[PDB]
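Notes for the one structure printed next.
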Amino acid sequence: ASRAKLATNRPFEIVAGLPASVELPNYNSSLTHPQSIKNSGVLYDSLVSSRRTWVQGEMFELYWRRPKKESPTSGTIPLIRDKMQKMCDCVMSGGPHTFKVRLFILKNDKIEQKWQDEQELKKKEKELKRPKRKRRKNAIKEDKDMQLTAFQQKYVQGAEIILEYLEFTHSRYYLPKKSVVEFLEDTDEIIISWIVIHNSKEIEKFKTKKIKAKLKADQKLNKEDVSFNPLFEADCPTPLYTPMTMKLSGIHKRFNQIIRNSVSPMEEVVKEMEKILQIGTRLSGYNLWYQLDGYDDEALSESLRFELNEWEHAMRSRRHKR
Amino acid sequence: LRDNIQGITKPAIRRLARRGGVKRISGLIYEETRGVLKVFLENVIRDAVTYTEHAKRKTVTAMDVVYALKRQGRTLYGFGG
DNA sequence: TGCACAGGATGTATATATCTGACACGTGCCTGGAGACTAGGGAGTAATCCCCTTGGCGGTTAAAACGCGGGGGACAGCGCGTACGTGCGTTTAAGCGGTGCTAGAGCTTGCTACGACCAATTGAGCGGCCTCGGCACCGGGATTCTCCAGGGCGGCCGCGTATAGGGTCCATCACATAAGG
DNA sequence: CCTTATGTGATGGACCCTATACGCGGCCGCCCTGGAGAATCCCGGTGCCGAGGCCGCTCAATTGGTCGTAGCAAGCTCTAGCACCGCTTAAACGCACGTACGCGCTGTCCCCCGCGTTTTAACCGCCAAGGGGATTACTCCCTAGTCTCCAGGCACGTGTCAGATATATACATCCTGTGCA
């Protein structure tokens, strides 16, 4: 935000701190002394920003962050480790960028209790009704790869999935329940799509206000003698919204069932999305001007250069901390 | 009338200190400010009331206030002097 | 079928006017200047007696100055924890003008009683002078506080005895399963 | 389906070696012991010179009378203060998040105290005054305290002029049936 306030009438606007315009840049018409992309680095800045944002953005709801340091808070690390189960390593693409992930399950205790009750019922039903062969080891391996081991047999449906970045293990995010999931059997690729609202906090707070108003009205009526959906409500503020889509690759057959079971009934979210699409304000698509004039944009160029220098200076320490 | 020492509020002390150009304030300041104002008012009011009672009087006039302040050395202009 | 426009509807920045404050011009009364009387405080005059430098000088002394050691006081850094800064939603009562009372303030009285002014007496109070005991200085025995040395415990550190303990790497173990019939 | 006896695959554990407390001893914080000695306390014990007492006397505090107008007592009257109404905000308030500020502790180093040696400022006595300044009094005379008339110019108020507020208008910003392409 503290970036230099661009001089009036520049042929670009500063979007996310960088020079961009809605229309495709016409350098040849607009620039007399264009600095090279090497000189500008705008492309570099954009790429670093993109990757970092993908590491830290709002795409998935955050749920756990490593606490910024005989404090017992150390003892909670193994507890948080055990509250999730450990699962195998998978690749993700974010726009032009790609990332890698290991998978972790969030232990739904109701599924554990119901599994114990189901085993009780099945046992009671059964009681009421009443060298070594390596090929068998290969069969067991394949069965455990496409059928389910005990932890997978309990967590088939309603299991909870946590995402973590293998290049940034500090943050954990929820897999979107309000998402469309397609499992490509031929390519082993999974595409996830969801709509995201930039002022969602505004909508949630107005939703809370409406809930309070309805509760007050019900209390007033009671003094004499609910699937509240903010997106349906006529007084909901305009969502600034974006539709998003992402592809996963590298997930194995057994995990697909867990994932496929985990997401919400499709028609309901489809109708919700259609409402969002009527009421939403779509994010406008714009084009970055990677080339800047060395004379009119000298301040902007140097500012970008300085910020890049600081970013790189910090980035070395990140691995030096490992 | 009760608790009117509180009636000054914090925000009034805030605004007055803002006139004084203070960039940073502490919570304890308010109580001390109230005490100082209390003793100042007590002295000024006692002087004014004795100035009034001399004249076989019942209404404290602006003359009594301004001359009481003059006796405290604090000189005030613009109220009919 | 859907568009162009003929006929019609709320509105409003532009424009014309009405609803409140302040300054200049008119009355009219407690005056400000002026005339003359007045005297006693101010100013001009003359001692007169007392206190202030002479003027640098030497021979001294008490205080000032200058030099030095050092050690601890100031002070720039900074880890960190929180309590004031900024930003909501929400409530109070501070502000606005309005209606009905009044009592305290303003001043005009009519004139009295106490204090301005005056001779005359006399004694309290001031001015001069004289004096012994209240004060000023410190000698003394005793008080008491300072400050390094350091006996001695033992916190902590040192050589190194022998010892108690943790993170680290190794694995043993259970659920329900693989196999024969 | 029954029915032996174990595969599957981690979290749970014993171990290696680490590093440590402390035997005997010292630096050090500290109790305290300890001395030397550098001050400070209180009591003479004394000889000096001022407090304060005593007397001479003079001028101003006190007195009895007179004159007159400043304070007092209504008491007439009128407007500024007081109180309750009751809408309208908006300034206060509770509460949430954070962040940059204040404090605790750090090491550093420079300057200002404790103290010793040198230098300067000051007084005593030389040598006894003359100058000129502040106090004191007499002697006009001029000055503005006084009563009084003259006639005003300054203050209290109303009228007039301007400004801030109010509201038509000449279209402004639009609605909407329907005839045209």
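Letters for chains follow the order of the structure tokens (A, B, ...), residue numbers begin at 1 for each chain, and ligand numbers begin at 1 in the order shown.
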Problem set entry | Contact set, chain B to chain C: 10 Å, only C-alpha atoms (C1' of nucleotides), as a PyMOL selection string | chain B and resi 24-27+57-59
Enumerate, in order of chain and increasing residue number, the residues of chain B with an atom no farther than 9 Å from chain D, each with its shortest atom pair and distance in Å to one decimal, counting only C-alpha atoms (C1' of nucleotides), as JSON lines.
```
{"residue": "B:9", "atom": "CA", "partner": "D:92", "partner_atom": "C1'", "distance": 7.9}
{"residue": "B:10", "atom": "CA", "partner": "D:92", "partner_atom": "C1'", "distance": 8.6}
{"residue": "B:11", "atom": "CA", "partner": "D:92", "partner_atom": "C1'", "distance": 7.6}
```
For this session: Considering only C-alpha atoms (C1' of nucleotides), extract the chain C residues located within 12 Å of chain A and return them as number ranges by chain.
Result: C: 80, 88-89, 175-179
Exercise. Mind pulling up the distance from CA of residue 158 in chain A to CA of residue 208 in chain A?
Worked result: 27.5 Å
Step one, run DSSP on the backbone; step two, keep only residues of range 17-51 of chain A assigned to strand (DSSP E or B); then write them as a PDB file with N, CA and C atoms, in the first residue's frame.
```
ATOM      1  N   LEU A  18       1.335  -3.254  -8.753  1.00  0.00           N
ATOM      2  CA  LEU A  18       2.053  -3.370 -10.010  1.00  0.00           C
ATOM      3  C   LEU A  18       1.315  -2.621 -11.114  1.00  0.00           C
ATOM      4  N   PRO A  19       2.027  -2.161 -12.144  1.00  0.00           N
ATOM      5  CA  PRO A  19       1.367  -1.443 -13.247  1.00  0.00           C
ATOM      6  C   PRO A  19       0.568  -2.394 -14.127  1.00  0.00           C
ATOM      7  N   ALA A  20      -0.738  -2.145 -14.229  1.00  0.00           N
ATOM      8  CA  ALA A  20      -1.600  -2.968 -15.064  1.00  0.00           C
ATOM      9  C   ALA A  20      -2.711  -2.116 -15.662  1.00  0.00           C
ATOM     10  N   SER A  21      -3.285  -2.619 -16.753  1.00  0.00           N
ATOM     11  CA  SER A  21      -4.448  -2.014 -17.388  1.00  0.00           C
ATOM     12  C   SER A  21      -5.407  -3.118 -17.811  1.00  0.00           C
ATOM     13  N   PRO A  34      11.210   2.470 -23.720  1.00  0.00           N
ATOM     14  CA  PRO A  34      10.840   1.346 -22.852  1.00  0.00           C
ATOM     15  C   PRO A  34      12.076   0.687 -22.260  1.00  0.00           C
TER      16      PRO A  34
END
```
Exercise. How many Å lie between CA of residue 281 in chain A and CA of residue 240 in chain A, rounded to one decimal?
Worked result: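 Computed distance, CA of residue 281 in chain A to CA of residue 240 in chain A, equals 4.6 Å.
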Got a sec: who's within 6 Å of range 177-185 of chain A, counting only C-alpha atoms (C1' of nucleotides), leaving out chain neighbours fewer than 4 positions off, as a PDB file with C-alpha atoms, in the first residue's frame?
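What follows is the written file selection_32.pdb:
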```pdb
ATOM      1  CA  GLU A 189      -6.139 -35.770 -12.490  1.00  0.00           C
ATOM      2  CA  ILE A 190      -8.768 -34.105 -10.298  1.00  0.00           C
ATOM      3  CA  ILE A 191     -10.220 -30.686 -11.151  1.00  0.00           C
ATOM      4  CA  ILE A 192     -11.840 -28.632  -8.373  1.00  0.00           C
ATOM      5  CA  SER A 193     -13.996 -25.562  -9.059  1.00  0.00           C
ATOM      6  CA  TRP A 194     -15.486 -23.050  -6.621  1.00  0.00           C
ATOM      7  CA  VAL A 263     -17.959 -33.054  -0.733  1.00  0.00           C
ATOM      8  CA  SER A 264     -21.475 -31.662  -0.402  1.00  0.00           C
TER       9      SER A 264
END
```
Problem set entry | Test item: residues at most 12 Å from residue 103 in chain D, only C-alpha atoms (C1' of nucleotides), excluding those fewer than 5 positions along its chain, as number ranges by chain | C: 78-82
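Nearest to residue 122 in chain D of all the residues C:170, C:164, C:62, C:111 is C:62, counting only C-alpha atoms (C1' of nucleotides).
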For this session: Tell me the residues of chain D close to chain A, meaning within 12 Å using only C-alpha atoms (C1' of nucleotides), as a ChimeraX atom specification.
Result: /D:1-2,7-11
Problem set entry | For residue 71 in chain C: contacts at 12 Å, only C-alpha atoms (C1' of nucleotides), fewer than 2 positions along chain excluded, given as an MDAnalysis selection string | (chainID C and resid 69 73) or (chainID D and resid 109:114)
Kindly export the residues of the current selection with N, CA, C and O atoms (P, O5', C5', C4', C3', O3' and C1' of nucleotides), as a JSON list (two decimals), in the first residue's frame.
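After the write, again.json holds the following:
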```json
[["chain", "number", "residue", "atom", "x", "y", "z"],
["C", 69, "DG", "P", 47.39, 10.46, 36.50],
["C", 69, "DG", "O5'", 46.87, 9.55, 37.70],
["C", 69, "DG", "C5'", 45.72, 9.94, 38.41],
["C", 69, "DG", "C4'", 45.23, 8.83, 39.29],
["C", 69, "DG", "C3'", 44.90, 7.56, 38.54],
["C", 69, "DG", "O3'", 44.81, 6.48, 39.46],
["C", 69, "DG", "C1'", 42.94, 8.87, 38.97],
["C", 73, "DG", "P", 27.31, 6.09, 40.49],
["C", 73, "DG", "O5'", 26.74, 7.10, 39.40],
["C", 73, "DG", "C5'", 27.67, 7.77, 38.58],
["C", 73, "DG", "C4'", 27.00, 8.79, 37.68],
["C", 73, "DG", "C3'", 25.50, 8.65, 37.56],
["C", 73, "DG", "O3'", 24.92, 9.91, 37.17],
["C", 73, "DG", "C1'", 26.65, 7.63, 35.71],
["D", 109, "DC", "P", 34.28, 2.15, 25.01],
["D", 109, "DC", "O5'", 34.17, 3.58, 24.30],
["D", 109, "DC", "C5'", 33.09, 4.49, 24.57],
["D", 109, "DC", "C4'", 33.23, 5.19, 25.92],
["D", 109, "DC", "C3'", 34.64, 5.65, 26.32],
["D", 109, "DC", "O3'", 34.64, 7.05, 26.53],
["D", 109, "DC", "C1'", 33.41, 4.86, 28.14],
["D", 110, "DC", "P", 34.61, 8.09, 25.30],
["D", 110, "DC", "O5'", 34.32, 9.48, 26.05],
["D", 110, "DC", "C5'", 32.99, 9.84, 26.42],
["D", 110, "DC", "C4'", 33.00, 10.50, 27.79],
["D", 110, "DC", "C3'", 34.18, 11.44, 28.02],
["D", 110, "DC", "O3'", 33.80, 12.55, 28.83],
["D", 110, "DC", "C1'", 34.19, 9.79, 29.67],
["D", 111, "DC", "P", 33.06, 13.82, 28.19],
["D", 111, "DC", "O5'", 32.47, 14.59, 29.46],
["D", 111, "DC", "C5'", 31.41, 14.04, 30.24],
["D", 111, "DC", "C4'", 31.84, 13.96, 31.70],
["D", 111, "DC", "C3'", 32.66, 15.16, 32.18],
["D", 111, "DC", "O3'", 32.22, 15.61, 33.46],
["D", 111, "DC", "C1'", 33.73, 13.18, 32.77],
["D", 112, "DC", "P", 30.92, 16.56, 33.59],
["D", 112, "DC", "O5'", 30.66, 16.62, 35.17],
["D", 112, "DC", "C5'", 30.15, 15.48, 35.87],
["D", 112, "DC", "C4'", 31.07, 15.13, 37.04],
["D", 112, "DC", "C3'", 31.61, 16.34, 37.82],
["D", 112, "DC", "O3'", 31.70, 16.01, 39.20],
["D", 112, "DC", "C1'", 33.38, 15.03, 37.14],
["D", 113, "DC", "P", 31.60, 17.17, 40.32],
["D", 113, "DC", "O5'", 31.96, 16.41, 41.68],
["D", 113, "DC", "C5'", 31.18, 15.30, 42.10],
["D", 113, "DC", "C4'", 32.03, 14.24, 42.78],
["D", 113, "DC", "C3'", 32.82, 14.70, 43.99],
["D", 113, "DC", "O3'", 32.75, 13.71, 45.01],
["D", 113, "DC", "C1'", 34.31, 13.87, 42.34],
["D", 114, "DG", "P", 33.22, 14.06, 46.51],
["D", 114, "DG", "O5'", 34.74, 13.56, 46.60],
["D", 114, "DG", "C5'", 35.03, 12.16, 46.63],
["D", 114, "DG", "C4'", 36.50, 11.91, 46.92],
["D", 114, "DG", "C3'", 37.07, 12.72, 48.08],
["D", 114, "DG", "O3'", 37.99, 11.93, 48.82],
["D", 114, "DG", "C1'", 38.22, 13.25, 46.06]]
```
For this session: Find the spatial neighbours of range 140-148 of chain D, counting only C-alpha atoms (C1' of nucleotides), within a cut-off of 12 Å - ignore same-chain residues fewer than 4 positions away - and output them as a PyMOL selection string.
Result: chain C and resi 34-45
Exercise. When DSSP works through the backbone of this structure, what residues of range 57-297 of chain A end up as alpha helix (DSSP H), shown as a PyMOL selection string?
Worked result: chain A and resi 76-83+109-129+134-146+150-154+200-224+253-262+266-279
For this session: Would you work out the distance separating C1' of residue 25 in chain C from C1' of residue 155 in chain D, expressed in Å to one decimal?
Result: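 Computing the Euclidean distance for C1' of residue 25 in chain C and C1' of residue 155 in chain D yields 13.4 Å.
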